[PDB]
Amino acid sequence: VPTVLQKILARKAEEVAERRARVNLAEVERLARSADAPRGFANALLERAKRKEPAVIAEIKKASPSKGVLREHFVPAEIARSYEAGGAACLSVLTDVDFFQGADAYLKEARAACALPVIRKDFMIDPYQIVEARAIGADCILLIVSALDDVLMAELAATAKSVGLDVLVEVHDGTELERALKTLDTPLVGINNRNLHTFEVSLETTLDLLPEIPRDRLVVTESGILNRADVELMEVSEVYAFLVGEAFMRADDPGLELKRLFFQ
C-alpha cells in the first residue's frame, strides 16, 4: 500500500526475474544446502531478552529512502567488527541495491567478519529470495506484513524454516499484528515505528501494541532509536530487543555509539 513500498516491490519483482534467469531455483537450492550452518538469530535475542539484557540488532545501512546517504565511508566487515565489540547480539545487513544502496556481498562480508547471526534486510516476495538468503549465508529473513497477503506470508515463512532460516515479521499497526500472529508462529515480532506512508516516527507505535502481543513472542522495536531516553522508555516497558541503524551509521565508531546507548 505505501507508495514507496509499491515502488520497491515492483522493482523487486524485476530483480527476482532477472536473477532467476541467470541462476535458477535448483541451483540456489544447492547453494543453500551447502552454506555454513545458521548461527541462531532468534536464540541470540531470546537469551538476552529473557535476562532483561539489551538484545541489539545492529544494522549496516549505507542509505535509505527517508534519509539519503547515511555513511560516506562504508566498509561492512569493519562495521560488523565494531558492532560485535560494542555488544550487538545480531546484525542486519541491507541487500537491497536501488533504495538502500546495499548489496548481497555486504552481507557475506559482514558475516564472515564476526560471529554474530545476520538478518538479510531486503524485500521478500518470492520463495526464490528466501532460498537465496540462505545461500548467501543469512541466518534470518524479514517478512513485511504491509507487503504481503497472508497466504504468501505463510508460504515465505515456510520456505525459510525448510532451509533453516529464522523469521522476523514486521508490523506497523494492530490489524497487521493480528494477521501476523494468526498466520506465523515465529517468536520474533518486529514493530516498525516508522510509518512508511509519511516517514514519520513514533515510538508509541511499539508501546501501543504491547497489550496485544502474547508473552511467548519477543517484541523487536524497529526504527527511531536515537538516544538513551528512547532506550530507557523501551526497557521500562519491558522491550529489550531493538533494530537500530541511523544512530550508529552517523557515528565515527558505530560499536562505540552502541555501547553508549545500551551499555552504560
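All residue numbers refer to positions in the sequence shown, first residue = 1.
Trainee: Look up the CA B-factors in the entry and say which stretch, 147 to 155 or 67 to 75, has the higher mean.
Mentor: The recorded data point to 67 to 75.
Trainee: Which is higher in the entry, the mean Cα B factor of 217 to 225 or that of 33 to 41?
Mentor: Between 217 to 225 and 33 to 41, it is 33 to 41 that shows the higher mean C-alpha B-factor.
Trainee: Within this chain's modelled residues, let me know which third the CA B factor of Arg179 belongs to: lowest, middle or highest.
Mentor: Middle third - that is where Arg179 ends up once the chain's C-alpha B-factors are sorted.
Trainee: Looking at the entry's B-factor column for C-alpha atoms only, identify whether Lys108 ranks in the lowest, middle or highest third of its chain.
Mentor: Answer is middle: the recorded C-alpha B-factor places it there.
Trainee: Select lowest, middle or highest to describe the third in which the CA B-factor of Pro187 falls within its chain in this entry.
Mentor: Its C-alpha B-factor, which the entry lists for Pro187, ranks in the lowest third among residues of this chain.
Trainee: Which third of the chain does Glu212 land in by C-alpha B-factor: lowest, middle or highest?
Mentor: Middle third of the chain for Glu212's C-alpha B-factor.
Trainee: Taking the values exactly as deposited, rank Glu170 by C-alpha B-factor within its chain and report the matching third: lowest, middle or highest.
Mentor: For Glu170, whose C-alpha B-factor we compare with every modelled residue in the chain, the answer is the lowest third.
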